[PDB]
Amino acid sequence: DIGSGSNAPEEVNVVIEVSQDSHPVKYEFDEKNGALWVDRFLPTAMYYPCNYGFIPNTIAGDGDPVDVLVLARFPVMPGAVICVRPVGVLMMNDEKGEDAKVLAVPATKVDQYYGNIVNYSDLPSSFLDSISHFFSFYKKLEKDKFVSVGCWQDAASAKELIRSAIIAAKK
């Protein structure tokens, strides 16, 4: 009903599950109930470096909706929906298979601050490296999980990934 966005994949809707810079409570929405659940408390002393959530009405390679990191000037509360522009994607493989993480900034009607951020490489490399580091290490204390983090790909690649996931949801 919220949908992936009328202008997808150029701008997409993201339902936030975890706020930027929050305590490590990992919420997740249930598709059945529509309820927000605590999936876990992260066992590592790490925090999500962006707001984190998913694009409704998408099926990514691993069967779940596409996950998105939304960089913003302030945290967005879990359960809120935000319109965002994909700027890149971090490829990674984990215990679920292919589990890429799209990186996005707010749509310009939501905040003009990130207007000149078009690809992930327009952001500081140290910040991009913090994201890679986060996914590389946040699951290290969970013995049956693992993450092998790959490379960043550009906004175009992130948009094609989203396109594929939207088509998978229609099928």
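All residue numbers refer to positions in the sequence shown, first residue = 1.
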Which is higher on average in the deposited entry, the C-alpha temperature factors of 24-32 or of 127-135? 24-32
State which stretch shows the higher mean Cα B factor in the entry: 54-62 or 35-43. 54-62
In terms of CA temperature factor as recorded, identify the highest of 111, 122, 144, 67. 144
Split the chain's modelled residues into thirds by Cα B-factor; is residue 149 in the lowest, middle or highest one? highest
Please place residue 78 in the lowest, middle or highest third of its chain by C-alpha B factor as given in the entry. lowest
Assigned third (lowest, middle, highest) for the C-alpha B factor of residue 90: middle
